[PDB]
Structure formats: structure tokens, C-alpha cells
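Residue numbers (the authors' numbering), protein chains in the order written: chain j, 7 to 113; chain k, 11 to 75; chain G, 814 to 844, 851 to 876. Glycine included, each C-beta is placed from N, C-alpha and C at the ideal position. Step one of this worksheet: look at the structure below.
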Amino acid sequence: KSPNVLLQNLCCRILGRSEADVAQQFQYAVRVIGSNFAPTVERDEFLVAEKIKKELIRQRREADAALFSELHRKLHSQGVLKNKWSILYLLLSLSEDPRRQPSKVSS
Amino acid sequence: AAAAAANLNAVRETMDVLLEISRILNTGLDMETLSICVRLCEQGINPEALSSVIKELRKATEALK
Amino acid sequence: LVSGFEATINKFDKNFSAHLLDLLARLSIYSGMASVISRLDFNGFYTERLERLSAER
């Protein structure tokens with residue numbers, strides 16, 4: 007796929023609105039992605055792994071801070087990806103407070 | 011083949027571990043939205059862009075709808 | 814005239830205010852050492868008139 011129409015697919019997954027109903031949301035997506043069209047940011051995924059472990063200690067669940075460490079190893083173990091840093095940076099930035107996480111299935 | 015289904019396995023595993031990572035960091039993104047974002051970062055794209063967009067698009071259906 | 818007087822006064826005022834805020838910005842990033856910044860504005864005036872703006876790339 008081309009990235010520009012991929013933005014409009016993303017807008018119809020997040021919002022229930024169709025891609026012909028609105029064009030303003032897609033225009034804002036074009037506003038931010040355009041003139042940032044190429045990757046120029048740098049990754050330091052070592053520091054961000056060390057920052058997820060401090061967060062999982064902060065929950066005061068310490069067995070799960072080391073379970074994430076072995077699940078974080080597996081992304082390098084397969085290694086079919088582009089950057090391991092990018093999706094993890096996205097998923098860290100959108101965080102809300104589970105207050106201490108009153109459950110986790112642990113797969 | 012075998013290495014062609016093992017390549018199809020190696021995305022399906024990673025999408026399953028990232029699904030655990032998505033709920034323990036508490037985002038509002040589910041698996042369906044996750045698959046689009048993982049394709050975008052498979053091509054390579056600023057996550058700093060994507061974060062500001064989704065902070066607005068999620069804010070575009072809880073006060074505008 | 815006195816209008817050209819006022820014009821030069823306003824030029825000097827704008828430039829001095831801008832440089833005052835820039836110097837306080839360049840001193841604020843540092844680190851009984853904060854007594855310089857606390858003494859210079861003991862009641863405040865031109866302390867921080869523009870908030871630190873930010874956006875993501």
C-alpha cells in the first residue's frame with residue numbers, strides 16, 4: 007500500500023466514520039505525516055527497554071517486570087522487523103495509568 | 011514450502027507478544043488498530059508523528075461524536 | 814523630533830526585553852547556586868512571559 011491512503015484506512019478503524027463522510031481528519035493526518043514523510047528520528051531502544059523495566063517495578067509487581075524482559079528478548083530473537091523501537095515508542099507514549107494493574111493474564 | 015510458512019509464523023508470533031505489550035502499557039489501541047500501526051512501522055515512520063495523530067483522533071470521537 | 818525619540822526607545826525596549834528573557838532561559842538549564856536567579860527577580864518582572872512551547876515531530 008501507499009502510505010497516504012493507509013492514513014485514511016487508519017481513520018476509519020479508529021473512528022466509526024467513513025472515508026467519504028469526513029475529509030478533515032484525513033487532512034490532519036496528511037498535515038502531520040507530510041513534511042515528515044521520510045524517517046529522520048533516531049532510535050535508542052536500549053534506554054527505552056530500561057525505562058519499561060523501571061515502570062514495571064513501579065507497579066510493585068516484580069515478577070512481571072522480568073517476564074516482560076524475556077518477552078522483550080523474543081522480538082530480537084525473531085528479528086523479521088524493521089525497528090523494534092518504533093511500535094514500542096508508540097505504545098509507551100499513549101500510556102494511561104492502570105493505577106497498579108489489578109490483573110494480568112500473562113498469556 | 012516450510013520457510014515461507016515459518017516467515018508467516020514469525021509475524022504472527024510477534025503480533026501476539028505485542029498484544030501483551032499493548033495491554034500492560036494500557037493503550038486504547040486494540041489488535042485491529044495495532045495491525046495498521048505495525049505495518050506503518052514496518053515501512054519505517056516517525057512514532058512521534060503517529061502518537062500525536064492518535065492522541066487527536068481518539069480525541070476526535072469522545073468530544074466530537 | 815520626539816517621535817523619533819520614542820521610536821528608538823521602543824526599539825531598545827523590545828531588544829532589551831527579548832535578550833533578558835533569552836539570558837534567563839540560558840541560565841535556567843543549569844544543574851547554593853540558584854541564588855543568582857532568585858535574587859535577580861525578587862518580586863518578578865519579565866520572569867517568564869512566554870511559556871516554553873513544544874510539539875512532537
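From the DSSP output, in three-state form, read off residue i for me.
i: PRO9(j); result: helix
i: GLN84(j); result: helix
i: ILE34(k); result: helix
i: residue 847(G); result: Gap in chain G between 844 and 851; residue 847(G) lies inside it and carries no coordinates.
i: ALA26(j); result: coil
i: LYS69(k); result: helix
i: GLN107(j); result: coil
i: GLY817(G); result: helix
i: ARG876(G); result: coil
i: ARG839(G); result: helix
i: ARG67(j); result: coil
i: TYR865(G); result: coil
i: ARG871(G); result: coil
i: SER75(j); result: helix
i: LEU50(k); result: helix
i: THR46(j); result: coil
i: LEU21(j); result: coil
i: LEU74(k); result: coil
i: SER830(G); result: helix
i: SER113(j); result: coil
i: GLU102(j); result: coil
i: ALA12(k); result: coil
i: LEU28(k); result: helix
i: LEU859(G); result: helix
i: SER41(j); result: coil
i: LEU60(k); result: helix
i: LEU16(j); result: helix
Does the distance from the CB of residue i to the CB of residue j come in under 7 Å?
i: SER99(j); j: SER61(k); result: yes
i: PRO57(k); j: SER113(j); result: no
i: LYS88(j); j: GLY54(k); result: yes
i: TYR865(G); j: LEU833(G); result: yes
i: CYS17(j); j: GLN33(j); result: no
i: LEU97(j); j: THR71(k); result: no
i: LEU13(j); j: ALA44(j); result: no
i: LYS59(j); j: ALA71(j); result: yes
i: residue 4(j); j: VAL63(k); result: Shown here, chain j extends from 7 to 113; a query on residue 4(j) therefore has no answer.
i: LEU74(k); j: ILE20(j); result: no
i: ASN42(j); j: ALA59(k); result: yes
i: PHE52(j); j: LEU62(j); result: no
i: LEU35(k); j: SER8(j); result: no
i: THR24(k); j: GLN107(j); result: no
Over what stretch of residues does the alpha helix (DSSP H) that includes residue i continue unbroken?
i: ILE55(k); result: That residue, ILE55(k), is in no alpha helix (DSSP H); it is neither H nor E in DSSP.
i: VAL54(j); result: 51-64
i: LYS90(j); result: 90-99
Practice problem: Could you say if the segment 18-29 of chain k and the segment 814-823 of chain G meet the contact criterion of at least three C-beta pairs nearer than 8 Å? | Solution: Segment contact: the segment 18-29 of chain k against the segment 814-823 of chain G, fewer than three CB-CB distances shorter than 8 Å; contact not assigned.
Exercise. Check whether the segment 38-46 of chain k touches the segment 59-78 of chain j, counting contact only when three or more Cβ pairs, one atom from each stretch, lie closer than 8 Å.
Key: Contact annotation: the segment 38-46 of chain k does not touch the segment 59-78 of chain j, with fewer than three C-beta pairs closer than 8 Å.
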